Amino acid sequence: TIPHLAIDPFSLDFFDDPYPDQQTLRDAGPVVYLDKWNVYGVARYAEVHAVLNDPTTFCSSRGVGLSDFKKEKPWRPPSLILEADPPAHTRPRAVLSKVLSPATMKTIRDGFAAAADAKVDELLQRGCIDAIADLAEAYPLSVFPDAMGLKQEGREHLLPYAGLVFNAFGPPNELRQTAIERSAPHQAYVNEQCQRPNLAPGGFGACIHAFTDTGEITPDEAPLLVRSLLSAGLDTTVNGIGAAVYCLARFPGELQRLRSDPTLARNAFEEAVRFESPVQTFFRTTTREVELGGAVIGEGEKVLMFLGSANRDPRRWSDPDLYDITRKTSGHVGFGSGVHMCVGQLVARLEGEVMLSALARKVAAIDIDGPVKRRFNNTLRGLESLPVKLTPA
Ligand code: HEM
Ligand SMILES: O=C(O)c1ccc(I)cc1
Ligand SMILES: [Cl-]
């Protein structure tokens, strides 16, 4: 009753061009079984959304990667928010929500916007740049470690640590195994910076520690919540902003619409999150036998959610394969959905908005002018190198 497929969604051939295999996965049925890894898959919007919004049946505390924490030891202590279920999830989630809140965004917006305009001005002076290293990586590196309150020394560990985190959600393939092999120095740097004395006053890290006296978290929880922001908060935005720039480089008509109304910058970024889905996949584990789209899934089974495929499901989206900066994107699952829906989405959107605003006001054209190289990661979709020529407006 459930179709069995041999597609490996963690293979380099799939990362290289996932869209045919995603259609195959959607059209095979609402629930597939992936024989390569012995997990269930859901690739349509309706089932991805249903799974995300039933945390009791499809839990996160057994790990949101392939590994089942009830069977194997996690490679690092579980995240107190991503890898927790209600009710343990609830109060740590409330603390990060207040740390990364609307009020916080007001304190950081002017500096994030200045840094974005400055970076685009700098890049227009060079003309031909790499939109990954010089822009999608450089701009978040110029604002986010400072917003965390991190010291200068050791920041080169941040992107390696995040690549490790996102590879470690995957199955035990060579991407995962090599990342873990190399991990010790990046873990040791990250874990150290999570301690209260190492986080500068006023930053997100110190704000987490400052919340340890309200009864929501205790002091011994705050290092791991800082770890969550140092895991999720940089590399995701690198690939979100890289997605948007790639979209604008491929779809010049849409750069032109964005130039003509820079207030489209925030929706242009949202649409790039839908269109590319920087965070491709997460897993759940079933806590009971459950009927999902006619298929009966047993207890204790891993379920792989294809967020990017749900975001390109023609059963939900008109012309899903078109980048449309005036699309009504509400409902996409590029940030998740439900109780774990990205708690950092206001930081993500603020960064993406102020960078696309800078491009809209300052850049007349973005032309690819070199070989495009794709970066392979078990969870993140994005580019290694994106050589572009920027023409000034
Ligand atoms: C374009 C940028 C980003 C994307 C695409 C993205 C994606 C996601 C997704 C898909 C989830 C849901 C996880 C799940 O359901 O299991 C999530 C959760 C989360 N994200 Fe984001 N993320 C981004 C940026 C950020 C930033 C900038 C931060 C921190 C500053 C952040 C911190 C978190 C945390 C802590 C969670 C866990 C929330 C919870 O479990 O309740 N993310 N993110
Ligand atoms: O809690 C974490 O470490 C974590 C949370 C969200 C993402 I997306 C990645 C990592
Ligand atoms: Cl760690």
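Just follow the structure's listing: the first ligand is 1, and inside any ligand the first atom is 1. Any value given below was found using the heavy atoms of this structure, including those in side chains, with hydrogens, waters and symmetry copies removed. Position 1 is the first residue of the sequence, and the numbers go up from there.
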Heavy-atom nearest neighbour in the protein, as seen from atom 40 (O) of ligand 1, with distance rounded to 0.1 Å:
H340 ND1, 2.6 Å
Starting from the C-alpha separation in whole Å, work towards a yes-or-no answer on ring-ring contact (aromatic ring centres under 6.0 Å, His included) for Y189 and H157.
CA-CA 7 Å; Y189 159 84; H157 289 281; 5.1 Å; yes
Is the charged tip of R284 near the ring of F58: under 6.0 Å from the six-membered ring centre and within 45° of its axis?
no
Under 4.0 Å to a heavy atom of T237 - the qualifying atoms of ligand 1, by number:
27 (C)
Who's the nearest protein heavy-atom neighbour of atom 39 (C) of ligand 1, and how far?
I81 CG1, 3.2 Å
Note the single closest protein heavy atom to atom 2 (C) of ligand 2, along with its residue, its atom name and the distance in Å.
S228 OG, 3.4 Å
Should the pair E353-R109 be classified as a salt bridge under the 4.0 Å nitrogen-to-oxygen rule?
yes
Think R374 forms a cation-pi with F376, using NZ or CZ under 6.0 Å from the six-ring centre and within 45 degrees of its axis?
no
Is the shortest distance from a heavy atom of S60 to ligand 1 less than 4.0 Å?
no
Could you tell me which non-hydrogen atom of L390 sits nearest to which non-hydrogen atom of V388, and how far apart they are?
CD2-CG2, 3.9 Å
I need the nearest protein heavy-atom contact for atom 4 (C) of ligand 2: residue, atom name and distance, please.
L82 CD2, 3.5 Å
Salt bridge between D313 and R44, side-chain N to carboxylate O under 4.0 Å?
no
Is ligand 1 less than 4.0 angstrom away from at least one heavy atom of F144?
yes
Is any side-chain heavy atom of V64 less than 4.5 Å from a side-chain heavy atom of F169?
yes
Charged N to carboxylate O under 4.0 angstrom, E216 versus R91?
no
Measure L100 to ligand 1 on non-hydrogen atoms and call it side chain, backbone, both or neither using the 4.0 Å cut-off.
side chain
pair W75-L164: side-chain heavy atoms closer than 4.5 Å
yes
Considering only protein heavy atoms, which is closest to atom 3 (O) of ligand 2, and at what distance to one decimal place?
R76 NH2, 2.9 Å
Applying salt bridge (charged side-chain N to carboxylate O under 4.0 Å, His left out) to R327 and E270, what does each step give before you reach the verdict?
CA-CA 9 Å; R327 179 184 312 268; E270 204 71 10; over 6 Å; no
Any ion pair linking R375 and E384 (charged N to carboxylate O, less than 4.0 Å)?
yes
Under 4.0 Å from ligand 2, counting heavy atoms only, is it the side chain of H340, its backbone, both or neither?
neither
At the 4.0 Å heavy-atom cut-off, does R284 count as touching ligand 1?
yes
Heavy atom of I241, distance to ligand 1 below 4.0 Å:
no
Could you tell me which atoms of ligand 1, counted from 1 in the order shown, lie closer than 4.0 angstrom to a heavy atom of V339?
41 (O)
Report yes or no: is the cationic atom of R312 (NZ for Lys, CZ for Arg) under 6.0 Å from the centre of the six-membered ring of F275, at an angle within 45° of the ring normal?
yes
Chi angles and distances behind the side chain to side chain donor-acceptor pair (under 3.5 Å) call for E72, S67:
CA-CA 7 Å; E72 295 175 284; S67 184; 2.9 Å; yes
For atom 9 (C) of ligand 2, find the nearest protein heavy atom and state the residue, atom name and distance (0.1 Å precision).
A232 CB, 3.6 Å
Can you tell me which portion of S79 lies within the under-4.0 Å heavy-atom range of ligand 2? Options are side chain, backbone, both, or neither.
side chain
What protein heavy atom is closest to atom 5 (C) of ligand 1, reported as residue, atom name and distance in Å?
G334 O, 3.4 Å
Which protein N, O or S atoms does atom 21 (Fe) of ligand 1 have within a distance shorter than 2.8 Å?
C342 SG
Only heavy atoms of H89, strictly under 4.0 Å: list the atoms of ligand 1 that pass.
39 (C), 40 (O), 41 (O)
Any salt bridge linking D146 with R155? Criterion: basic side-chain nitrogen under 4.0 Å from a carboxylate oxygen.
yes
